[PDB]
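Asks: Have a look at this one before I ask anything.
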Amino acid sequence: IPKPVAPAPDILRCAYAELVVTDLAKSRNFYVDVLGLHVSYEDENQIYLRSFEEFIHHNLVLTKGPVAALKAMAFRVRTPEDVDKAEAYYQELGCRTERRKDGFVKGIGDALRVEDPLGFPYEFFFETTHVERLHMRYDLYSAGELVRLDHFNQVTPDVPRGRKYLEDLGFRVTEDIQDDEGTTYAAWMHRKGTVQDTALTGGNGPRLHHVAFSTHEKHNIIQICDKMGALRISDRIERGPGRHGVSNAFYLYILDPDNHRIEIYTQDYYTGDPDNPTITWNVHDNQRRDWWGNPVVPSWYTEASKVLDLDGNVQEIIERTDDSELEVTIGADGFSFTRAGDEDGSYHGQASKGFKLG
Amino acid sequence: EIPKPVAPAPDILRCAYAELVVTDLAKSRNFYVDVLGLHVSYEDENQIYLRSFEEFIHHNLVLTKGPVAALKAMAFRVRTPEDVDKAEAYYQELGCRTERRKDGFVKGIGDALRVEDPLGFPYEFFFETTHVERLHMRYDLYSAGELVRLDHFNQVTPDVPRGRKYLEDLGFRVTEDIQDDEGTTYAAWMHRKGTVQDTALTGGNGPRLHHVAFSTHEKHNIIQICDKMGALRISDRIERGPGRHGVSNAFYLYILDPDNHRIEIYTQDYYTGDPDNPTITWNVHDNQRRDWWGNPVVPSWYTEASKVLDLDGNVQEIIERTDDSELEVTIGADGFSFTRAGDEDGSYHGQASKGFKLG
Amino acid sequence: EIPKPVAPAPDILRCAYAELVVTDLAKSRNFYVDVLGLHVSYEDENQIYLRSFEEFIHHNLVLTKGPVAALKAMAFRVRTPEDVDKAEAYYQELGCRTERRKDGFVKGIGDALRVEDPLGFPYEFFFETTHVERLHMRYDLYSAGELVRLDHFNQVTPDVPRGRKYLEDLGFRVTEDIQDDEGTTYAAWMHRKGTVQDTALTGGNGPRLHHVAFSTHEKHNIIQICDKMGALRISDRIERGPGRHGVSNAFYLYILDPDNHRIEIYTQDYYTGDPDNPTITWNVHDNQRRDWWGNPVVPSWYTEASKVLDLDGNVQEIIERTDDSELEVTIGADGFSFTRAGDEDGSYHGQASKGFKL
Amino acid sequence: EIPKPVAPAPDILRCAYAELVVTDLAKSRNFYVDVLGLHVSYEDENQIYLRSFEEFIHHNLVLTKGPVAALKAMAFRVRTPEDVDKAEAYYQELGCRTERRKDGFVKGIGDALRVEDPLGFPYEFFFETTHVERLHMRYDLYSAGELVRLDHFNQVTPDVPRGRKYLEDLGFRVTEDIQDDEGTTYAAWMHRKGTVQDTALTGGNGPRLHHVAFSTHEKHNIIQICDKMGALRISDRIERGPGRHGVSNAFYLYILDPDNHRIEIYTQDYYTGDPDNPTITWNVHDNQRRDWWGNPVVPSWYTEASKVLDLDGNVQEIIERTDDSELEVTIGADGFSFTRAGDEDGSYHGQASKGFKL
Ligand SMILES: O=S(=O)(O)c1ccc(O)c(O)c1
Ligand SMILES: O=S(=O)(O)c1ccc(O)c(O)c1
Ligand SMILES: [Ca+2]
Ligand SMILES: [Cl-]
Ligand SMILES: [Cl-]
Ligand SMILES: [Fe+2]
Ligand SMILES: [Fe+2]
Ligand SMILES: [Fe+2]
Ligand SMILES: [Fe+2]
């Protein structure tokens, strides 16, 4: 993917995702009643939701449709003129673009959507309707309150190809996972001064791995799990809670009614200095994904959401040919270590903590 | 059946300390003091005496050097000096071997009785103990992972109903248990001090010691223990968790000491002190009973536990459980678990939850 | 001196509930249910019965409509039905007015004894109570400020030693107290259940009820109550705190209900169940005794407390304390407190800590 | 008015470190290392260099032995080496005294410019710094009170609008301020990195340094600092808090070092990185603006602050504020504050909240 002559748009941060869902009422139950997100607008076709500290119109749009999928992952840009820059940048890349002066969803103004070089539906916008910032509305605060939108994670077959593209677009790599023979399994990259605004996971794609929201404290994440147990929907807790190695964040992954994966995340570190030290982890290091060594559940490696093109049809999936992280770590010929070079605390042909793949 | 003595039961206050035999005293000290932050009451070349942040009795844990790692004694404090005599009479009537030492078996304990109980466990009963500085407001010493109290023991024994009746006669009240619909009991929890447990029975081959549990103030303190173990690159010694228990409702973690003695870190169970405290029975197939979030129970939790000693210092012979295995009926190849009773969606057949099978 | 009966004391388990008379039942409901999140066991046009998250007995708090806000009863649960007989014999021997009702004074309590005790307080003793759903795992109902247990009462009485001896004869065990170097006792704490207190005596004009205290799980739950009260613009009803207590070592907050009944929120005191539990005496001039961080005690904490009723529903006459006043000797114009005993640096003369006077 | 230079502003990343002169280096070391747990990057008989848990630059705090306790420099990191030249030209155009050292003023910093800025404050601008081990996952070193980041400075200056305009020209964006209906500004907060502040202006006699602020992960970390100070019997060095701020919404604590330099501990403010981030203005009489729970602001917080040095190491002359005093108008004899605007209930006249006066 060549670097355009045209300047990249100045991207501020991840801003919202539009997810297609099959049953809007069941989705509302999950995101509003279980998770406590705040309704900015709703009707029979869509629900627009925001986090506790947000002032732009929404962080999540649920749109009723026939096939559950990512419709758009939206980044806010610094100025109105940056939408023009986005259009010219992606035009030069040869990508299909669509510009709407009055936006694609309610509460957004002039917006550009693109089918990007990795097959993902990106939106770029500046203009958005401001709403009441709920950051001191402690009369509304949930024991599991979701306070910010933090990041997206994308599944794509060739991580270096996507990384180079995102670097040209101005994202900076913070962390990655590699092996000794030069394969890259995952990379994390940011615009705002946190570990990530989007991230790439090696795998068959394009698929959307997850959308991540932040909490203030670790106990808020614990409460989400506790509430899911009380609602007898613990089967929708996919992975965690844990401490990540990469990012150092406390985390949880859960599954919405259409199997879209949502991460809850807190307490990663500042990355805003331009010489921020990068960190590379070895793929066999059993503390890289869960710092406590807990096993990564196989569905985390295999399952992700479909994404749509700009006509609303599902994007064709291209298979990864580089090595599989699942296979090399927890498969029958996989291994992981606790201490590099130590047989004690290593796992061969199975996961940590006494489990193999089901 | 273990008969109810005519002699009155000793008035037991609480679990008070465990004496563990360890093979390398310095390695064990690194774990309990440097990693876990327990406070040293006394040590020499043979023993380390340790206590939690809020304790005023001499110790909650004694580490004794010896050739075979094992539980040497699980000690309960009784209400009065006279209760030690009551304990002796009670266990004598049960036909158990007993040993009485007027000046104690370990430093910082006075008059004490040790017994080989009817389940083959080495119990101690004592009242007299040397008081030490209660560190409960020593926030200059407080660790991010601070262990604040000894909470309980957990014992592996083959016949849970048999053990449960004996402990009830001794004055423990059952707070929670796990049963199935076919009349099998897999585990029971029982108290004196008005929390969920002072000891507990886990069905399996025994006598073996499942774990000793310490409490923290808050859930973040348990998280910090995990985080510190990751930083020390000993995450392989985190056996299971952290999690929320179904039974007890406590936030928990299980870790393994250098001799594979299992330690639970525990917080925020509930008050049980009323005599009609409702007893909660969970079904063994309920996948929220042990981990409320449905995370799978690691197989070693069901299979591994510490040897225990008799009064001569020799390991007690193990008697095999003949009742159904909790591992086998839940996560084994013919096992079953559910998320919602009567719902096939979210049930597991012949494997564990979250996409795993037995290794 | 209150004599020790020949009759054996009833075996008291714990504090169990308070009945408070309130003047506007709907306003009190808004406070206890909507602000504080207590759970309704039963309500009608005259009464609201409330319980904490982990309770299995019918209630921990009864709000009763009446003309004069006051404590109507402070209730302790006893170990067996026969202990209610023991309580009746004990208080009859003390020469106190008693009243026995086989079917209870409030809903969800059976055979019960109410007494006008030697200090003028309306005590209830009961065993029988209707069990309800224990909500301890109902995380679907859990508030960010959740009140999990009833912990204790605190009583204002003019002669603390006289009250202390009576409560000891009744089986309460003193855990901590406050004295000076001239033989005056200002406060004492005493327990049945193995925590720092089930009731406590504060020196002052009485009988008056100082507070009822509820527990939370964690310190952040108390912080949330404060945050919520700010958001509701009722921060003027936060009286004192939040803080760390010296006595008890608990994290704490005091707030005021619509009738100015004081509620404490409390967490993480220590285990006192061993019979030789070490007692702790603090000097009244030690500025870490009430707030460990040295924050000043607001003067209303010393002067204001609720009326109590006799068994005919009339307010008990208030008897004035003649012993020295904790307020006067610490923060009044001729008061004194210290940070370090014998150190002039960090001491306060004729004023409160942190730069304030009254 | 301070005119805007034609020379381009240096691109400022963030606050980076402060150099404080202290009178007894060992006593200061015991406070910052033993009490507060900061990490040693370098020390000798004259200086101690300290950093927070998540820092990768050489230090966040330099303690320098000297005769008069004062701020020696408040340092901001700039984006590129060239921005140091830009800073030099900018301040030269402003007519300010500057000093350039190509090898730095303190260890672990390279090419650096120090200036006596137009408000009389010793600012440093640098890019080059020695990287050190980032301790962000060193949980074997983590304290119960761990300080994780340097967050901000707060400066006392007599004319807030004058300083505000100057800092805006320098690229800082205002997030929040405190004003009255007469048009007086009492304080402003302004940022470069995406948080509420990198520096802040407090109206008062100046130039003086009000505080340096460090972050924690969670609210319980701040509570622990208080608890530890109680156990060390130095609760007299807890000046204000802990509390919830109105401005910023952060949980906070102010403590005093051995030379009375004020240190704030701070957590959980909000994201401000979007260019149209909504600005919040509070009324000076709002009793929830500084402490959200309505707790009173101690008078020393308004009156006391640290001296600052000029580039010859002499104390800067103090200029007195002529605008209205926030102390006098809120908690002074002729002051007032409110809980609910327009409501005399929960208002305080000629005294502070919670029953206190000056
Ligand atoms: O599981 S990892 O530590 O690799 C990881 C780190 C940060 C993330 O946000 C994530 O989804 C996954
Ligand atoms: O006390 S204030 O809420 O005004 C405030 C807010 C943020 C700060 O950093 C501060 O020092 C003071
Ligand atoms: Ca069956
Ligand atoms: Cl379990
Ligand atoms: Cl107090
Ligand atoms: Fe993620
Ligand atoms: Fe346990
Ligand atoms: Fe209290
Ligand atoms: Fe500040």
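Note on naming: chains are A, B, ... as they come in the structure tokens, residues start from 1 per chain, ligands start from 1 in the order shown.
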Taking only C-alpha atoms into account, which residues of chain D are within 6 Å of chain B, as a ChimeraX atom specification?
Replies: /D:138-140,143-144,227-228,231
Asks: For ligand 2, collect every residue having any atom at a distance of at most 6 Å from a ligand atom (counting only C-alpha atoms and all ligand atoms); output as a VMD selection string.
Replies: chain D and resid 245 to 248 289 to 291
Asks: Which residues are near residue 321 of chain B? Cut-off 12 Å, only C-alpha atoms, ignore same chain within fewer than 4 positions. Put them as JSON, numbers by chain.
Replies: {"B": [156, 157, 158, 159, 160, 184, 185, 186, 202, 203, 204, 205, 206, 207, 208, 303, 325, 326]}
Asks: Considering only C-alpha atoms, return as a ChimeraX atom specification whatever protein or nucleic-acid residues lie within 10 Å of residue 125 of chain C, sequence-local ones (same chain, fewer than 6 positions apart) excluded.
Replies: /C:10-12,15-16,73-78,81,83-88,100,111-115
Asks: Residues within 10 Å of residue 143 of chain A, please, as a ChimeraX atom specification. Count only C-alpha atoms; anything in the same chain fewer than 2 positions from it doesn't count.
Replies: /A:35-36,140-141,145-146,215,219-224,227 /C:139-146,221,224
Asks: At a cut-off of 10 Å, list the chain C residues touching chain D, using only C-alpha atoms, as a VMD selection string.
Replies: chain C and resid 218 to 220 223 225 to 246 249 251 287 to 288 291 to 301 338 to 341 345 to 347 351 to 358
Asks: Tell me as a list in words which residues belonging to chain A come within 8 Å of chain C, counting only C-alpha atoms.
Replies: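 Residues satisfying the distance criterion: residues 136, 137, 138, 139, 141, 142, 143, 144, 223, 226, 227, 228, 229, 230 and 231 of chain A.
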Asks: Name the residues of segment 161-271 of chain A that come out as strand (DSSP E or B) in a backbone DSSP run; write them as a ChimeraX atom specification.
Replies: /A:172-178,184-190,198-202,205,207-214,237-243,250-255,261-266
Asks: Write out as a list in words each polymer residue (protein, DNA or RNA) that has an atom no more than 7 Å from ligand 6, with only C-alpha atoms and all ligand atoms counted.
Replies: residues 151, 152, 153, 210, 212 and 263 of chain A
Asks: Please report as a PyMOL selection string which residues of chain B come no farther than 7 Å from chain A, using only C-alpha atoms.
Replies: chain B and resi 226-227+230+233+235-236+239+292-294+298-299+339-340+346+351+354-359
Asks: Using only C-alpha atoms and all ligand atoms, what are the residues with an atom within 7 Å of ligand 4, set out as a PyMOL selection string?
Replies: chain B and resi 245+247+290-291
Asks: Show me, as a PyMOL selection string, the residues that have an atom within 8 Å of residue 75 of chain B when counting only C-alpha atoms, minus same-chain residues fewer than 3 positions from it.
Replies: chain B and resi 15-19+123-126
Asks: In Å, with one decimal, what is the gap from atom CA of residue 151 of chain B to atom CA of residue 277 of chain C?
Replies: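 Taking atom CA of residue 151 of chain B and atom CA of residue 277 of chain C, their separation equals 17.1 Å.
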Asks: For ligand 3, collect every residue having any atom at a distance of at most 8 Å from a ligand atom (counting only C-alpha atoms and all ligand atoms); output as a PyMOL selection string.
Replies: chain B and resi 180-182
Asks: Could you list the protein, DNA and RNA residues that have any atom within 12 Å of ligand 9, counting only C-alpha atoms and all ligand atoms, and write them as an MDAnalysis selection string?
Replies: chainID D and resid 150:156 187:190 195:202 209:215 240 244:255 262:267 269 290 301
Asks: At a cut-off of 8 Å and counting only C-alpha atoms and all ligand atoms, what residues surround ligand 7? Please answer as a short mmCIF file (atom, residue, chain, number, x, y, z; two decimals) with N, CA and C atoms, in the first residue's frame.
Replies:
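out06.cif, written as the output of this step:
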```cif
data_model
loop_
_atom_site.label_atom_id
_atom_site.label_comp_id
_atom_site.auth_asym_id
_atom_site.auth_seq_id
_atom_site.Cartn_x
_atom_site.Cartn_y
_atom_site.Cartn_z
N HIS B 152 -10.09 -19.30 56.85
CA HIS B 152 -10.57 -20.68 56.93
C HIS B 152 -9.58 -21.71 56.48
N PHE B 153 -9.90 -22.96 56.81
CA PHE B 153 -9.31 -24.14 56.21
C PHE B 153 -10.30 -24.85 55.29
N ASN B 154 -9.78 -25.67 54.40
CA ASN B 154 -10.60 -26.55 53.57
C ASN B 154 -9.93 -27.91 53.47
N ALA B 200 -14.13 -26.42 55.93
CA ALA B 200 -14.96 -26.82 54.80
C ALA B 200 -14.51 -28.17 54.38
N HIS B 211 -6.75 -26.35 51.22
CA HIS B 211 -6.11 -25.03 51.29
C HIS B 211 -6.27 -24.40 52.66
N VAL B 212 -5.44 -23.38 52.89
CA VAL B 212 -5.64 -22.39 53.92
C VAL B 212 -5.97 -21.07 53.24
N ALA B 213 -6.92 -20.32 53.79
CA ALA B 213 -7.38 -19.07 53.21
C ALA B 213 -7.10 -17.89 54.10
N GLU B 264 -5.57 -19.85 49.48
CA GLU B 264 -6.66 -19.05 48.90
C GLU B 264 -6.56 -17.64 49.49
N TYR B 266 -9.11 -14.26 49.76
CA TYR B 266 -10.57 -14.30 49.87
C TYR B 266 -11.05 -12.97 50.42
#
```
